[PDB]
Every structure is written in C-alpha cells, then in structure tokens.
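One chain comes next, on its own, written as structure tokens: the form deposited without this ligand.
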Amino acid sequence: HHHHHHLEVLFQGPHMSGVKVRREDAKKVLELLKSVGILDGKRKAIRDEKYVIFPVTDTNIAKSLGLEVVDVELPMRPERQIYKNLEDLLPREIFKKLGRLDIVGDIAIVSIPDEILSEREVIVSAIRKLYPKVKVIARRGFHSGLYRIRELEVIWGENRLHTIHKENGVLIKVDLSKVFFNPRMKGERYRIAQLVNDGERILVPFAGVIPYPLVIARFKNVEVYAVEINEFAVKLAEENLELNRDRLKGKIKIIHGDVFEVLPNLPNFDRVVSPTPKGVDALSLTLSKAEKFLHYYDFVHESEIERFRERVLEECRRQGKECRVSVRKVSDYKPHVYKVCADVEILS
C-alpha cells in the first residue's frame, strides 16, 4: 500500500469550494490565500453587496486559516481574451477616473489620481492584459521645467523610461525621464508630411527628439531645420537621425539652441511647423520665419477659438502678410480645452 501523503494528490476532479469573506477583508484575504498557496487560479472570484468568494484548492488549510468554507459553482477563468478596451477590464468607477493611457514603445503611461491609487494592482493588471507586450507601466504626473519633462513613476515592470517607438515608418528613440514626447501627434505628423512638397525648406522649432522632421523627411525630399534647447533631446535626436538615415528621403539639420535666440539668425523658410510647448507664445517669431505656410500649434479654451483665429490674423497683418488662416481642433486636451493648429497660408 501507498503512503497517504502520496495518495492525497491523486484526485482528478475540479475544486468545488471557496472562502466567503467580507469585502473589507477581501484584499487582505486574497494576499493570505496567495501566500499560503491555496488560491485556485482556475476559477473566478465573485462578489455581492457584502461578500467576496475566493476559489481555494484546499478547504482544510482554509479552515486552519479561520476562513468560512462554502460550496459554490464559480466561473471558470477565461481561456480566450476578447477585451479590446481598458473599460472592458475595469469597474467603471475606476476606469472613469483614469487619465488617458498612452503607449510609447514598450512603455505604458497612465494617469492615476490619488483617490484610486488604492486600486493600483487591478489597474496594472488590466493594462498588462490589454497590452501583453509592454514591459513598463508608469504613472503620469505633470510637466516640469524648461524642457517640459513629464513627472513619471514606474509602477510596474523594468525600471527604465527609455525605449524605441515606431511611427509612420520611422524609429524614435525616447527617454521619457529626460525629454518630452507625445505619440498622439502621429496623425498630425503624417498629415503635414503629406502636405509638404519636394524641394521645400522647412523649419521645426521645439523639435524635441525630432519626430516631426523625421516623419516629414521620411515621406518627402526636403531640407528640415530642427531647433531644440534640451541637450538630452538633441542627443537623442542625433541618434534618431543616425538610426533612420537609410530610410529618409529628405535631409535634417539639428540645431541645439534657444528657439527665441536661434530663429532671428536663420534665413526664412517655405514652411514652418511649430509644435509649441503648452503656454508658450511663439506665434510672431515662427510666422516671421515662414514664407508660404505656418503650422502653429496651441492650446485654447473652446470659448476662445475665434479670438485665437483673430489674433493669428492680427499678427499676420502686423507683419504685413496677406494670409488665409484656418484653425483645426487637433485633439481634446481637457474638458472645454482643445489642442489646436493654426494653418496659415501666406498669399503672394
């Protein structure tokens, strides 16, 4: 005959019990159950208004932990994964308070207000499920300093904020701990790239790690001057120029400097593209460098859009330019605030 401690593992059926705990104890108990090693990963936990039931693999150990054992038929864990949005994976009360989620390379960046920080672990879980390939999850603060670096804290995965982001056929090395970069601008950067004609000389102030010059030069044989004050951003921009050298039709000239110092010393350009830092007014200067087109990005309250257009026109007249000015909503920034672009066509 066999030893009992050998036979005890032979039962072929599924586990059919769980523990019933008060919701206020749930997290505690979950931890306990994992630590003791009797948490059944094959079934879902469930809840009602007062209680949670966790599936367990050993009801005797469970009783030895002082937990109420119940016999229930619990849902099997999903094998297939049809979720497509974050909201599919989170309670609405938690999802609604999350900020925008961004993917940069293999880094996920999300805003988590203090009052749902307590739900961090489910949030991470959700993100990891929605994006199996991300290696880093960072919580988003706000921008700081002249270089407009975003406050970020790694809350899951590798302890790093550098990656290579793919966009519009180019490779963009970023280090989010040292530079500003917005993946959401992909569309814009494609759009302008299509608008540009071969033979143009183009100026991009506030160029960052030059994603705009890169996309433009990717699709058009043009010369692009890029001006950026952040030397870390400049470094990464040089590395990006090298990384994409074989797939660019156009040429890019990187200038490390202060836009407001550099631009008055430059010749003028066919087209100027100004991804202006939020709150900075560079309209006069950037327009002053444009001969045919200006694309001037700004952030404007929806009650101020018309005023914004009026002010652009005013500056056009002040510089003695005859212009067509078109304002586009580029994205929803805050409630009642838009990231906008003034397309200025200078008439001849």
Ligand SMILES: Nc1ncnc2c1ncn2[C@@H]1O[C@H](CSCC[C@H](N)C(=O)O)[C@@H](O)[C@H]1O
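Note that residue numbering begins at 1 and tracks the sequence as displayed. For the two forms, the rigid core is made up of the largest set of C-alpha atoms that agree within 1.5 Å on superposition.
Per-stretch RMS Cα distance to the displayed form in 4 other deposited structures of this protein, following rigid core alignment, is highest for 24-32 when 288-296 and 24-32 are compared. Looking at 76-84 and 261-269, the one farther from the shown form in 4 other deposited structures of this protein by average CA distance, after a rigid core fit, turns out to be 76-84. Across the two stretches, 77-85 and 223-231, the PDB entry reports the greater mean Cα temperature factor for 77-85.
Per the PDB record, of the two stretches 144-152 and 158-166, 144-152 carries the greater mean B-factor over its C-alpha atoms. Looking at 177, 268, 194, 274, the one whose CA carries the top B-factor in the deposited record is 177. The entry assigns its greatest Cα B factor, within the set 130, 243, 123, 262, to 243.
In this PDB entry, residue 102 carries a Cα temperature factor that places it within the middle third of its chain's modelled residues. Ranked within its chain, residue 256 lands in the lowest third, by CA B factor from the PDB record. In the deposited entry, the Cα temperature factor of residue 218 places it in the middle third of its chain's modelled residues. Among the modelled residues of its chain, residue 239 has a C-alpha B-factor that falls in the middle third, as given in the PDB entry. In the deposited entry, the Cα temperature factor of residue 209 places it in the lowest third of its chain's modelled residues.
Below, we turn to the form deposited with this ligand bound, even though it does not appear here.
In summary, the region of this chain contacting this ligand in the deposited complex, judged by heavy atoms within 4.5 Å and restricted to 94-102, 143-151, 236-244, 77-85, corresponds to 143-151.
Contact annotation: of the candidates 190, 260, 156, 131, the single residue with a non-hydrogen atom within 4.5 angstroms of this ligand in the deposited complex is 260. When you look in the deposited complex, the only residue of 225, 206, 269, 219 with a non-hydrogen atom within 4.5 Å of this ligand is 206.
Taken together, the three residues 180, 211 and 229 all lie with some non-hydrogen atom within 4.5 angstroms of this ligand in the deposited complex. Of the heavy atoms in residue 169, none are within 4.5 Å of this ligand in the deposited complex. Of the heavy atoms in residue 275, some are within 4.5 Å of this ligand in the deposited complex. When this ligand is considered in the deposited complex, residue 185 lines it closely, a heavy atom lying within 4.5 Å.
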